[PDB]
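Student: Handing you this structure, nothing more for now.
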Amino acid sequence: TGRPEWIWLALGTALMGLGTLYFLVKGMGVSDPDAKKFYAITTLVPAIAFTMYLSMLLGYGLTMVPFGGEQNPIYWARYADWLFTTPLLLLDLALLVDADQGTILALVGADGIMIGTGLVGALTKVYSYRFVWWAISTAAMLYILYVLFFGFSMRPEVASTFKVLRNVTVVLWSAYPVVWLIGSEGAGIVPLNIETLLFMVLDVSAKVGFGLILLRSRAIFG
Amino acid sequence: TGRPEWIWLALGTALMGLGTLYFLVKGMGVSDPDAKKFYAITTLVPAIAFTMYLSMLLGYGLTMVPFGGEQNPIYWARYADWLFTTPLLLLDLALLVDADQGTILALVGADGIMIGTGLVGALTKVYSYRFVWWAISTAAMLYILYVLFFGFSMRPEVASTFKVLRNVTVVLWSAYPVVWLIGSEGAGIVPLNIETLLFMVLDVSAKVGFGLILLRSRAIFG
Amino acid sequence: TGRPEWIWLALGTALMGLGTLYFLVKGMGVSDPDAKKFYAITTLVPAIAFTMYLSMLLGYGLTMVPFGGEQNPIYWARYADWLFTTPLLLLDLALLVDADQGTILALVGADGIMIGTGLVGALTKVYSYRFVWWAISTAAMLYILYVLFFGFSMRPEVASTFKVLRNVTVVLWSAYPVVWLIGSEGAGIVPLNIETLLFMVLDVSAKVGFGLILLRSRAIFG
Ligand SMILES: *C/C=C(C)/C=C/C=C(C)/C=C/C1=C(C)CCCC1(C)C
Ligand SMILES: *C/C=C(C)/C=C/C=C(C)/C=C/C1=C(C)CCCC1(C)C
Ligand SMILES: *C/C=C(C)/C=C/C=C(C)/C=C/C1=C(C)CCCC1(C)C
């Protein structure tokens, strides 16, 4: 179409779609109850992202938000995505280490707060206040990071995989607040097509890359 | 009112309302923890549908979607309904056979995808793309059907009831994609008042009929 | 700002924000898995309410609903709040007494119905029908009250705390339907600024007061 970012939304759609089919096939032969859990969570993450990448591609997941003078194009569908896929990615981490349910409920709820405040900030018409919501969301993000590092005798199959996925998680998740801030939702420093490319690379890596490291590990079997 | 389908929405409201009160009363005397589970899930399905049938009756759950030339009346409230009642109906099936949590998470998430893509398709303003969302939703539907047949030593109380409810589920659920397709959301082949009658018969049977077969069975007790 | 209720929204924001930080700190040193559960649920309730009080403060969580002649200001964000915090408050009660999952699913679903019908009623443009939704919502409220009293050998640490929190819950929750009814959502008897003060006192007490009684009790430890 007439949106230069179209290409990145198309590529994202395609990579999430093929990741989903790859993990669907791979989990084909699994009967270990624990492994099945990791396969369900992990296949669903890019299947959901596939649908929201498609909706942005076709224009459904775009709206116009007036602020600081202009009519700003905001991809809201990303927050419908993340609202479900980010807790699921935290659940993969949580089950891996056999987390207490109280830590799991802290993680999923802090994550909800993160995305939902992210979404408010994305849709807020008073420019200055958009960054008060960014800050609140970043604080929930940093609570989550804190818990993944200080919130938790695992078998070494689990600890090595956990540590890797944990490192991947903090490095990539921590880049989203930065892209938002300098992108079209925030200061408007980086154009939307570049932003959309940044978010596509993070999203494919955080979902499909993350899942490839997880699902190739023996950590997931009981 | 001035909507010919009003009658079917009124009848649906009434039948869901009486189903809810019937199951509420029936579960009155239950103390078996397992049976209580089946009674909670099963009573809630038509209580939620009661509220969304009422909202369509009163006009709240209707919006206008422009596409292929016209201003199309779309009952969106059906998707608020299904978003919660269809996973609950799958949970009744799942608990019955003592499903692994990984199979339960695959079912509920595939179901979310099904309804949420159904909803996108219902609200999409580009006529051709409405059927790309229909197709994606039908694929999640067929994954669910596949799992109910190939995804799963139960006591014979469970297997006989499970098989029946399973058969009821595939026959009725599989008719929704067809009604949508030829109805006002799709090709516009069947008028909205006839569509609304079709959806009312399916919905009462899939919820109240399904629950009557379930809740009259000894399969639900530990 | 130019809204007289601004002050109560500001005070509510501040009290929910300090409650959240207080409970965050207090739960700092907890390792008992059961206590951690109570701390997660209980800290999250005012953290979520903090964000929705802020959004009403800044104007995001306000919309205009035309009915009975006028353009009515409706704070919708309260229902985004309650949709999650009221089930969490019921979960604190439920875990305390070691409730059956079927009773927990009845509680959370009745609560969803309560808030979601509350929200429909708040946004309904036909004045008379707003009170049909109020009535349906009040009925779910009374089902919840019934279950907390008749739905359930606990150790006396639990029974004393449970009884207190239970009493707090019915007295304060039962006042919300009254405030709505005579406030701006309903008959328009009490002005919006007074209503907003009423809701702020109930909300701080039902969340922060409730949590102080809970989290100071030994009932929460295994
Ligand atoms: C699959 C997608 C992933 C892992 C996305 C993660 C997104 C975040 C961690 C987003 C965080 C944000 C904040 C901390 C600041 C406000 C804006 C957000 C939502 C982009
Ligand atoms: C109580 C209601 C039930 C059991 C409704 C079930 C609805 C479906 C199985 C709907 C499926 C659809 C698709 C597969 C295609 C797109 C449209 C839908 C949502 C009607
Ligand atoms: C933290 C907030 C709490 C505990 C809020 C509880 C709110 C209710 C119990 C609300 C009930 C309502 C009805 C029963 C009638 C319709 C309107 C409502 C949603 C205000």
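Simple scheme: letters A, B, ... for chains in structure tokens order, numbers from 1 for residues in each chain, numbers from 1 for ligands in the order shown.
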Please provide the set of residues having any atom within 7 Å of range 169-186 of chain A, restricted to only C-alpha atoms, with same-chain residues fewer than 3 positions apart removed, written as an NGL selection string.
Tutor: :A and (74 or 122 or 138 or 145 or 165-166 or 189-192 or 195 or 202 or 206)
Student: At a cut-off of 12 Å, using only C-alpha atoms, what residues contact residue 32 in chain B? Leave out same-chain residues fewer than 4 positions from it and give the result as a PyMOL selection string.
Tutor: (chain B and resi 27-28+36-39+218+220-222) or (chain C and resi 100-103)
Student: Those same residues - N, CA and C atoms - I'd like them written as a compact mmCIF listing (two decimals), in the first residue's frame.
Tutor:
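Output file out.txt follows:
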```
# COMPACT_ATOMS: atom_id res chain seq x y z
N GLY B 27 -28.29 -26.79 40.95
CA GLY B 27 -26.98 -27.11 41.50
C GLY B 27 -27.01 -26.82 43.01
N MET B 28 -28.18 -26.33 43.40
CA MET B 28 -28.47 -25.95 44.77
C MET B 28 -27.87 -26.97 45.73
N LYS B 36 -19.52 -29.43 41.69
CA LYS B 36 -19.66 -27.99 41.81
C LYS B 36 -18.94 -27.27 40.65
N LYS B 37 -17.83 -27.81 40.20
CA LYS B 37 -17.05 -27.20 39.13
C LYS B 37 -17.85 -27.17 37.83
N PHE B 38 -18.48 -28.32 37.54
CA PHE B 38 -19.29 -28.43 36.34
C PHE B 38 -20.51 -27.54 36.43
N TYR B 39 -21.10 -27.50 37.64
CA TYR B 39 -22.22 -26.58 37.81
C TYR B 39 -21.84 -25.11 37.68
N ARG B 218 -24.09 -38.64 35.56
CA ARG B 218 -23.32 -38.94 36.76
C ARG B 218 -21.83 -38.72 36.51
N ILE B 220 -20.37 -36.13 35.96
CA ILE B 220 -19.79 -34.98 36.65
C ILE B 220 -19.43 -35.27 38.10
N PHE B 221 -19.85 -36.35 38.76
CA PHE B 221 -19.42 -36.49 40.16
C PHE B 221 -18.10 -37.21 40.30
N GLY B 222 -17.32 -36.83 41.31
CA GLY B 222 -16.11 -37.61 41.53
C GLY B 222 -16.50 -39.03 41.94
N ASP C 100 -13.13 -24.29 47.30
CA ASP C 100 -13.22 -25.18 46.17
C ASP C 100 -13.05 -24.33 44.92
N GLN C 101 -12.43 -24.86 43.86
CA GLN C 101 -12.33 -24.08 42.63
C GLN C 101 -13.69 -23.81 42.02
N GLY C 102 -14.65 -24.72 42.25
CA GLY C 102 -15.96 -24.41 41.64
C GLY C 102 -16.58 -23.21 42.35
N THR C 103 -16.25 -23.04 43.65
CA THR C 103 -16.86 -21.83 44.23
C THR C 103 -16.10 -20.62 43.73
```
Student: From the set B:44, B:56, B:93, B:21, which residue has the shortest atom-to-atom contact distance to chain C, counting only C-alpha atoms?
Tutor: B:44
Student: Set the distance at 12 Å and use only C-alpha atoms: which residues neighbour residue 211 in chain A once local chain neighbours fewer than 6 positions away are removed? I'd like the list as a tab-separated table (two decimals) with N, CA, C and O atoms, in the first residue's frame.
Tutor:
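As a result, result-v3.tsv now contains:
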```tsv
chain	number	residue	atom	x	y	z
A	16	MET	N	5.93	-14.38	11.66
A	16	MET	CA	5.19	-14.89	12.81
A	16	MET	C	4.33	-16.13	12.40
A	16	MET	O	4.21	-17.05	13.15
A	19	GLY	N	6.74	-18.96	12.02
A	19	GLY	CA	7.13	-19.49	13.32
A	19	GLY	C	6.01	-20.36	13.93
A	19	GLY	O	6.24	-21.38	14.48
A	20	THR	N	4.77	-19.86	13.79
A	20	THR	CA	3.63	-20.59	14.37
A	20	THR	C	3.53	-21.99	13.75
A	20	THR	O	3.50	-22.97	14.43
A	22	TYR	N	5.91	-23.62	12.20
A	22	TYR	CA	7.05	-24.46	12.65
A	22	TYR	C	6.87	-25.09	14.00
A	22	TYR	O	7.04	-26.27	14.30
A	23	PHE	N	6.44	-24.29	15.03
A	23	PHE	CA	6.30	-24.82	16.37
A	23	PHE	C	5.11	-25.77	16.47
A	23	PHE	O	5.14	-26.62	17.33
A	24	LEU	N	4.12	-25.59	15.61
A	24	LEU	CA	2.92	-26.45	15.62
A	24	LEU	C	3.35	-27.87	15.21
A	24	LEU	O	3.06	-28.87	15.83
A	26	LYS	N	6.51	-28.99	15.11
A	26	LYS	CA	7.46	-29.59	16.04
A	26	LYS	C	6.77	-30.20	17.25
A	26	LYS	O	7.20	-31.17	17.84
A	27	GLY	N	5.63	-29.63	17.69
A	27	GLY	CA	5.17	-30.12	18.98
A	27	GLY	C	4.29	-31.36	18.74
A	27	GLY	O	3.83	-31.92	19.73
A	38	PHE	N	4.82	-26.18	27.57
A	38	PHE	CA	5.74	-25.24	26.94
A	38	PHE	C	5.41	-25.07	25.47
A	38	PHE	O	5.41	-23.97	24.94
A	39	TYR	N	5.05	-26.20	24.83
A	39	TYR	CA	4.63	-26.07	23.43
A	39	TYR	C	3.35	-25.29	23.25
A	39	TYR	O	3.23	-24.44	22.36
A	40	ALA	N	2.35	-25.51	24.09
A	40	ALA	CA	1.16	-24.66	23.91
A	40	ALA	C	1.44	-23.16	24.09
A	40	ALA	O	0.98	-22.36	23.28
A	41	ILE	N	2.13	-22.81	25.18
A	41	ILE	CA	2.35	-21.37	25.42
A	41	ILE	C	3.16	-20.77	24.29
A	41	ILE	O	2.97	-19.68	23.77
A	42	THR	N	4.20	-21.57	23.93
A	42	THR	CA	5.12	-21.01	22.94
A	42	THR	C	4.58	-20.95	21.53
A	42	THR	O	5.01	-20.09	20.77
A	43	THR	N	3.65	-21.81	21.15
A	43	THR	CA	3.11	-21.74	19.79
A	43	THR	C	2.11	-20.62	19.61
A	43	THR	O	1.80	-19.87	18.74
A	44	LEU	N	1.37	-20.46	20.78
A	44	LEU	CA	0.36	-19.41	20.79
A	44	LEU	C	0.85	-17.99	20.70
A	44	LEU	O	0.23	-17.10	20.13
A	45	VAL	N	2.08	-17.75	21.26
A	45	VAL	CA	2.61	-16.39	21.20
A	45	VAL	C	2.72	-15.88	19.80
A	45	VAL	O	2.18	-14.86	19.37
A	46	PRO	N	3.41	-16.55	18.83
A	46	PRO	CA	3.42	-16.00	17.51
A	46	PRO	C	2.12	-16.23	16.69
A	46	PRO	O	1.91	-15.46	15.80
A	88	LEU	N	2.34	-14.56	28.50
A	88	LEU	CA	2.59	-15.96	28.16
A	88	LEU	C	4.12	-16.18	28.11
A	88	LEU	O	4.54	-17.23	28.56
A	89	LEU	N	4.82	-15.17	27.63
A	89	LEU	CA	6.31	-15.36	27.61
A	89	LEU	C	6.80	-15.41	29.04
A	89	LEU	O	7.60	-16.24	29.45
A	92	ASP	N	6.25	-18.99	30.45
A	92	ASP	CA	7.29	-19.94	30.01
A	92	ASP	C	8.48	-19.85	30.99
A	92	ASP	O	9.02	-20.87	31.41
A	93	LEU	N	8.86	-18.60	31.32
A	93	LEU	CA	10.00	-18.45	32.27
A	93	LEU	C	9.69	-19.00	33.65
A	93	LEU	O	10.42	-19.71	34.34
A	161	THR	N	19.01	-23.06	30.62
A	161	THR	CA	18.06	-22.53	29.62
A	161	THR	C	17.38	-21.28	30.15
A	161	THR	O	17.27	-20.28	29.43
A	164	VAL	N	19.57	-18.22	29.93
A	164	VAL	CA	19.69	-17.70	28.58
A	164	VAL	C	18.42	-16.94	28.23
A	164	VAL	O	18.47	-15.80	27.80
A	165	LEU	N	17.29	-17.63	28.43
A	165	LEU	CA	16.04	-16.96	28.05
A	165	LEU	C	15.85	-15.70	28.88
A	165	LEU	O	15.30	-14.70	28.41
A	168	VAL	N	18.00	-12.92	27.23
A	168	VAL	CA	17.30	-12.50	26.05
A	168	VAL	C	16.11	-11.59	26.44
A	168	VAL	O	15.92	-10.61	25.78
A	169	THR	N	15.40	-12.07	27.44
A	169	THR	CA	14.23	-11.23	27.82
A	169	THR	C	14.60	-9.84	28.26
A	169	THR	O	14.04	-8.85	27.79
A	203	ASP	N	10.13	-8.03	18.00
A	203	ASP	CA	9.01	-8.96	18.17
A	203	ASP	C	9.34	-10.34	17.63
A	203	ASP	O	9.11	-11.36	18.29
A	204	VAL	N	9.84	-10.38	16.39
A	204	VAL	CA	10.28	-11.72	15.93
A	204	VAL	C	11.30	-12.31	16.84
A	204	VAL	O	11.24	-13.46	17.28
A	205	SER	N	12.37	-11.62	17.29
A	205	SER	CA	13.33	-12.22	18.19
A	205	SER	C	12.77	-12.63	19.56
A	205	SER	O	13.13	-13.67	20.08
A	217	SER	N	15.59	-27.03	23.72
A	217	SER	CA	16.13	-27.45	24.99
A	217	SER	C	15.44	-28.64	25.63
A	217	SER	O	14.23	-28.85	25.51
A	220	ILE	N	12.62	-28.34	28.83
A	220	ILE	CA	11.16	-28.40	28.89
A	220	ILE	C	10.63	-29.78	29.24
A	220	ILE	O	9.43	-29.91	29.55
```
Student: Range 86-219 of chain C: which residues are helix (DSSP H, G or I) by DSSP, as a ChimeraX atom specification?
Tutor: /C:86-96,101-123,127-150,156-173,175-182,192-215,218-219
Student: One decimal, Å: what's the distance from CA of residue 188 in chain A over to CA of residue 5 in chain A, could you say?
Tutor: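 So the two atoms, CA of residue 188 in chain A and CA of residue 5 in chain A, lie 15.4 Å apart.
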Student: C:104, C:142, C:213, C:198: which is nearest chain B, counting only C-alpha atoms?
Tutor: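 Among the listed residues, the smallest separation from chain B belongs to C:104.
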Student: What's the 6 Å shell around residue 137 in chain C, counting only C-alpha atoms, without same-chain residues fewer than 2 positions away, as a ChimeraX atom specification?
Tutor: /C:114,117-118,134-135,139-140
Student: Write out as a ChimeraX atom specification the set of residues from range 63-186 of chain C that DSSP, computed on the backbone, places in strand (DSSP E).
Tutor: /C:63-67,70-75
Student: Do you have the CA of residue 153 in chain A-CA of residue 98 in chain C distance handy?
Tutor: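 Between CA of residue 153 in chain A and CA of residue 98 in chain C the gap works out to 29.0 Å.
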Student: Would you mind telling me which residue in A:193, A:63, A:160, A:85 lies nearest to residue 219 in chain A when using only C-alpha atoms?
Tutor: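 Residue with the minimum atom-to-atom distance to residue 219 in chain A: A:160.
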Student: Using only C-alpha atoms, find the one residue out of B:215, B:52, B:18, B:132 that sits nearest to residue 30 in chain B.
Tutor: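 Closest residue, counting only C-alpha atoms: B:215.
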Student: For a quick check of understanding, using only C-alpha atoms, which of C:196, C:113, C:68, C:144 has the smallest distance to chain B?
Tutor: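 Distance minimum relative to chain B lands on C:113.
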Student: Which one of A:106, A:91, A:115, A:194 sits closest to ligand 1 if you count only C-alpha atoms and all ligand atoms?
Tutor: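 Using only C-alpha atoms and all ligand atoms, the shortest distance to ligand 1 belongs to A:115.
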Student: At what distance in Å, to one decimal, does CA of residue 11 in chain B lie from CA of residue 141 in chain C?
Tutor: 25.6 Å
Student: Quick one: residues within 12 Å of residue 65 in chain A, only C-alpha atoms, excluding same-chain residues fewer than 2 positions away - as a list in words?
Tutor: residues 62, 63, 67, 68, 69, 70, 71, 72, 73, 74, 75, 76, 120, 121, 122, 123, 124, 125, 126, 127, 130, 184, 185 and 186 of chain A
